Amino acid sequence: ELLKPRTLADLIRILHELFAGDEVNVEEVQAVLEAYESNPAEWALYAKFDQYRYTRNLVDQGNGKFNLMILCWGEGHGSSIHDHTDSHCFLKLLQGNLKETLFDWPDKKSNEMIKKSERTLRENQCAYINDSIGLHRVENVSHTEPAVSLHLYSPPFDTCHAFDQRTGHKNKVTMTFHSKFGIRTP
């Protein structure tokens, strides 16, 4: 039943099964993501980089219940501190490394956001975040190696909040897709 994905295509089929229902077995989804061994040739089509910031490239629109996408992080590129809009969010490294910094939800008082923790996500590892866990910022701190990650969100969402680290104030951000199914979408 839970079988090792042989290919990205195979993983995508398995994901369609795991999200056949109304709920989400987070551990099984994370297990399957982690078991797929990144094969660059199978995701080259989606790995479209931008010189100035990380790009989000839609891979599969899911069955209504999730989106699967590939994020490409140039050297030194990172995200804001942000939430995931009441969704499950899985992140699997396909190439390089990313630093994830965890932050607590801020209190309504204006205060510096101090980090709860940090980790280095390494190739093939799959992390999970959701709002009840906290907020995070994800960065590729490498000076020399681009990173590529595979992200699954469920339900799909196209807006989130970015947080100001000095004060914890949030602002709503609309998320863009740099490409969809291999096609650049300006």
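Just count from 1 along the sequence shown to find any residue number.
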query: Per the entry, higher mean C-alpha B factor between 136-144 and 62-70; finding: 62-70
query: Given 113-121 and 46-54, the range whose Cα B-factors average higher in the PDB entry; finding: 113-121
query: Out of 158, 37, 28, 131, highest CA B-factor residue; finding: 158
query: Out of 75, 100, 83, 107, residue topping the C-alpha B-factor column of the entry; finding: 107
query: Modelled-residue ranking by C-alpha temperature factor, third containing residue 183; finding: lowest
query: Chain-relative CA temperature factor third for residue 150; finding: lowest
query: For residue 15, the third of its chain into which the C-alpha B factor falls; finding: lowest
query: CA B-factor ranking of residue 127, expressed as a third of its chain; finding: middle
query: Cα B factor band for residue 41 (lowest, middle or highest third within the chain); finding: middle
